[PDB]
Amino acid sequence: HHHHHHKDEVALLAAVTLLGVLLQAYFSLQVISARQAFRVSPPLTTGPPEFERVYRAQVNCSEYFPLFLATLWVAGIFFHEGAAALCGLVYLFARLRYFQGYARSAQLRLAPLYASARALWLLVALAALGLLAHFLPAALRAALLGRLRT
């Protein structure tokens, strides 16, 4: 405190962030479950293809999760909160489908992997466009001021 809160500017991003965490928790619980079913004890991460697909689907989602969080917040702050949150939901729903598909079949990971890549690339473009709108005017002005005497 402060007699103002910036919570109302990031609450959709925070909600989509928490949903992402819950989805990652779900993937982790499904791996523990596959370990039980296929009797693959730590420290092993190999076993039958069906176990390896569940393990790998979770590990893939986990590798991309910080990329998702980073670009969600940057796009949400610099471009538009609602648009970023919406691309974020689409990304997470695609990730659920990727995990479910990949667990059934390596080939079934591909369609939802492409949908998740499209949603993440869109977050990347919105983040980039917002950062450009932030930096470009001051930079072009400073260049122009430089050329002004001449």
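One rule holds for the numbers: they count along the sequence shown, beginning at 1.
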Taking the deposited Cα B-factors and averaging over 22-30 and over 45-53, the higher mean is found in 45-53
Comparing mean C-alpha B factor in the record for 31-39 and 58-66, the higher one is 31-39
Against its chain's modelled residues, does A128's Cα B factor rank lowest, middle or highest third?
-> middle
Ranked C-alpha temperature factor of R97 among modelled chain residues, by third = middle
